[PDB]
Amino acid sequence: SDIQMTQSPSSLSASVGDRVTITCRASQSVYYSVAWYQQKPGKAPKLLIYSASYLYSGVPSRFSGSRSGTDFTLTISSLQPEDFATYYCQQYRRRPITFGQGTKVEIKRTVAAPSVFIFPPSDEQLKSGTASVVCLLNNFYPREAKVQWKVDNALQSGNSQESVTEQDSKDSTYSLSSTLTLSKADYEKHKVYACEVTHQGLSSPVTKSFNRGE
Amino acid sequence: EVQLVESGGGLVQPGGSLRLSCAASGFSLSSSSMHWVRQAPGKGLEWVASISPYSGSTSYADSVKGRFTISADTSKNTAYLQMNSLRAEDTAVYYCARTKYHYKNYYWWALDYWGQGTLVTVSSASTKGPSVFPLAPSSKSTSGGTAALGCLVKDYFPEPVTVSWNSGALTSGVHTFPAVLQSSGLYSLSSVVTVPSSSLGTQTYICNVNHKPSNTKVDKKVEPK
RNA sequence: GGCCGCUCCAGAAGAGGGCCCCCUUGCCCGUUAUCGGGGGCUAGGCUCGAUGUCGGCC
């Protein structure tokens, strides 16, 4: 029975000057053997808090931790721009040491609908036996968006993958790319290729589509 | 003044071996406990092994016991992680980290300094350059007076690929998405750009795709219907 | 039966021990190492002991 650390929320949005609280629950008691780490993309973690509430040297005083039972809390009293990052809790009550899944703190900004764009597979790719149909969702916020692929009005499943950029450094939005991948044989079977996007910034879903050939 | 520098990460097939190194400066290994913690792509953090160089003591996560070996050399102020019988699920960024020894604390506390990490990829996949296909700007997929076009960088291995547009002259409004690992073991990714629709006749848009592991360089021009 | 003993057998047998909770290690302690006290639970599973329903000798 490893001790499990469960962090919530998975992510949260906030603005400079806000007070931010992240929580982490241990599957059983760990007394006060908890630490908190900050990690930014493609960078190493940095220790913030140890023994659940002790400030590590060089950690600014806006960082603080506390404990209530098996619940542990990381508080940033006044979020500064360099604090947007992922935060992990960790117990070292008992080996193996274990980590929470991490909480991402993202920049708050106003809702923005995505510009949707659909791309049929190139003729070049079709002769090599595969069809990739790409749907672009450009410059939107918040992160949560759903792309539904429809072929001759048939809801697709399991034949698409998604990739999302980090928050843009200038305007803090996201952009997402979904690729629908088909055997050329299955591609020739059907005519209408549709991408249906739903998002908080769209009052009704936006469908972009084409017909094979026409 | 403290630095941890990891080396020895790389590409290798299942059943193979790698030896990581963690060069430490600014402190003495005998005054610390040293750890390896791994981060799989997109995932969190998971502990691998720990060593106290002063005493020789070591410990392991149950999923590497008997395959990995942690060791330290105080004459080089460095720690190591020998990794045998690698499986795909060992693919991750491997960080080493120090816990400082405090003769009043009666036990080892947090991981207070982490290195930059070294990448370990375990895959059967063959090194291969990408195929670049145009994502054609549409006559019926305009947004405003704004058009989106791009190029799909497909079926390459391993990471990474670099993409620029018009040899770097065009950077504004470019999104190059994170690669996705397909079930075949190859990576694919698209890079896109938004552009004035009125510029679709006069401006030429070319994506410059470079893949160092395969010495593969492609310049693909993207054009309307 | 007497004497001796616990290697085998029993669980009929105590103590260590174990798990959980509180106390930021809090009498004294602490392997480059996670305790101590308080509380709740735990018996035949390990060590050590005891015993017979055991064994050895005469």
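Residues numbered from 1 in each chain as written, not as in the entry; some residues may be left out. Chains lettered and ligands numbered in written order. Heavy atoms only, no water.

## Remarks on the overall build of chain A
Short version of the rule: Only DSSP runs of H or I reaching four residues or more are called helices, and only runs of E reaching two or more are called strands; each is numbered from the N terminus. C-alpha atoms define the radius of gyration in this analysis, and the globule rule sets the expected value at 2.2 Å times the number of residues to the power 0.38. The buried label goes to any residue with under 20% of its type's maximum accessible area, the exposed label to any with over 50%, and the partly exposed label to all in between, with areas taken from a 1.4 Å probe on protein chains only. By definition, residues are in contact when any of their heavy atoms lie within 4.5 Å. The protein chains shown are the only cover counted for residues, whose accessible areas, like all others here, come from Shrake-Rupley with a 1.4 Å probe.
Scanning chain A from N- to C-terminus turns up two helices and 19 strands. Radius of gyration (C-alpha) of chain A: 22 Å, far over the 17 Å computed for a compact globule of 214 residues. Overall size of chain A, expressed as C-alpha extent along the three principal axes, is 65 × 40 × 30 Å. Going through the 214 residues of chain A one by one, you find that 48% of them count as buried. Counting only contacts in chain A whose residues sit at least 6 apart along the sequence, the fraction spanning at least 24 positions is 59%. Accessible surface, chain A as shown: approximately 10,200 Å² in total, 45% of it carbon and sulfur.

## Points about the domain arrangement of chain B
All names here are of chain B. Note the threshold: Boundaries of every domain are those given by an automatic assignment or by a domain database. By buried area we mean the combined loss of accessible area, with a 1.4 Å probe, across both parts when two parts are placed together. For this document, the term salt bridge refers to a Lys or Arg side-chain nitrogen within 4 Å of an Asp or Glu carboxyl oxygen. Within 3.5 Å is the distance limit for a polar contact, defined as a pair of N or O atoms, with the added protein rule that one can donate a hydrogen and the other accept it, and that residues adjacent in sequence qualify only through two side-chain atoms. By the convention adopted, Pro, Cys, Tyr, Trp, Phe, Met, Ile, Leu, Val and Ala count as nonpolar, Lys, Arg, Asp and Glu as charged, and the other residues, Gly among them, as polar.
Under the domain assignment, chain B is made up of domain 1 (1–124) and domain 2 (125–225). Counting residues at the interface gives four residues for domain 1, matched by five residues for domain 2. Taken as a group, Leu 11, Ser 123 and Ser 124 account for 83% of the area that domain 1 buries against domain 2, more than any other trio of residues on that side. Our count for the domain 1 to domain 2 interface comes out at zero salt bridges. On the surface where domain 1 and domain 2 come into contact, there are one residue pair in polar contact. Looking at side-chain class alone, the side of domain 1 that touches domain 2 contains one nonpolar, three polar and no charged residues.

## Some remarks on the layout of surface pockets
Selection rule: Points on a 1 Å grid, built from protein atoms alone, make a cavity when a 1.4 Å probe fits but cannot get out and make a pocket when they are open with protein on both sides within 12 Å along at least 5 of 7 lines; residues with an atom within 4 Å of a point are the lining residues. Grid points are joined across faces, edges and corners, and a volume is the space filled by probe spheres set on the points.
Quantified by volume, the second largest pocket comes out at close to 600 Å³. Taken together, 24 residues line the second largest pocket, and the ones lying closest to its centre are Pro 120, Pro 121 and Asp 123 of chain A together with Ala 136 and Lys 225 of chain B. For the lining of the second largest pocket, the elements supplying multiple residues, two or more each, are α1 (123–127), α2 (184–188) and β19 (206–211) of chain A together with β19 (216–222) of chain B. Of the residues belonging to the lining of the second largest pocket, the class tally is 10 nonpolar, six polar and eight charged.

## Examining the sheet that holds strand β8 (residues 71–76) of chain A
All names here are of chain A. Applicable threshold: By the convention used here, strands pair only if DSSP detects at least 2 bridges between them. Axes, fitted as lines to C-alpha atoms, cover a helix only where it is in contact. Angles between the N-to-C directions of the axes lie from 0 to 180 degrees.
Ordered by their spatial adjacency, four strands build an open sheet running β1-β3-β8-β7, and the pairing between neighbours is antiparallel. Unpaired on one side and paired on the other, β1 (5–8) and β7 (63–68) mark the two borders of the sheet. This sheet shows a mean twist of 20 degrees between the axes of neighbouring strands, independent of strand direction. In terms of strand pairing, strand β3 (residues 20–26) meets β8 through six bridges, oriented antiparallel. Counted as the bridge partner of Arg 25 is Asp 71 from β8.

## Looking at the state of the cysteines
Inclusion rule: Criterion for a disulfide: a pair of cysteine sulfur atoms at a distance within 2.5 Å.
This structure, assessed with the given rule, holds four disulfides over all chains. Disulfide partner of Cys 135 of chain A: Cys 195 of chain A, at an S-S distance of 2.0 Å. Taking the sign of the S-S torsion, about -85 degrees here, the bridge from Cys 135 of chain A to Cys 195 of chain A comes out left-handed. In this pair, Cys 135 of chain A sits in strand β13 (residues 130–140) while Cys 195 of chain A sits in strand β18 (residues 192–199), placing the two residues 60 residues apart along the sequence. With respect to class, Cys 135 of chain A is no different from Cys 195 of chain A; both count as buried. The disulfide bridge from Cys 151 of chain B ends at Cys 207 of chain B, spanning 2.1 Å between sulfur atoms. Disulfide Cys 151 of chain B to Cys 207 of chain B: torsion about the S-S bond roughly 120 degrees, handedness right-handed. Remark: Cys 207 of chain B occurs in strand β18 (residues 205–211) and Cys 151 of chain B occurs in strand β13 (residues 146–156); sequence separation between them is 56 residues. Residue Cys 207 of chain B is classed as buried on the basis of its relative accessible area of 0%. Within chain B, bonded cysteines paired by disulfides and numbered along the sequence follow the pattern 1-2, 3-4.

## Structural notes on the protein's contact with RNA strand C
Defined as follows: Note on definitions. A residue lies near a molecule or strand when any single heavy atom of the residue is within 4 Å of it.
Near RNA strand C you find 24 residues, and of these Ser 29, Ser 33 and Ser 51 of chain A together with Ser 52 and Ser 55 of chain B are the closest. Taking all atoms of RNA strand C within 4 Å of the protein, the share assigned to sugar and phosphate is 41%. Between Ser 51 of chain A and RNA strand C, the recorded distance is 2.7 Å, taken from a side-chain N or O atom to a base oxygen. At a separation of 2.5 Å, a phosphate oxygen of RNA strand C approaches a polar side-chain atom of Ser 55 of chain B. Across the surface near RNA strand C, the residue classes break down as nine nonpolar, 11 polar and four charged.

## Focus on the nonpolar core
To keep it simple, the criterion reads: The criterion is simple. A nonpolar core is a set of buried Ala, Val, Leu, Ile, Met, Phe, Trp, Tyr and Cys residues joined through side-chain atoms within 4.5 Å.
Within the largest apolar cluster, 42 residues are counted, with the highest numbers of intra-cluster contacts made by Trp 36, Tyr 37, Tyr 87 and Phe 99 of chain A together with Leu 111 and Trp 114 of chain B. Of all the secondary structure elements, the ones that give two or more residues to this core are β2 (11–14), β3, β4 (34–39), β5 (46–50), β8 and β9 (86–91) of chain A together with β9 (92–100) of chain B. With sequence-adjacent residues up to four places away left out, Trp 114 of chain B is seen in contact with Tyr 37, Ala 44, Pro 45 and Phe 99 of chain A together with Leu 4, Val 37, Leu 45, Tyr 95, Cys 96 and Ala 97 of chain B. Membership of the second largest hydrophobic core comes to 27 residues, among which are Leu 18, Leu 20, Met 34 and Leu 86 of chain B.

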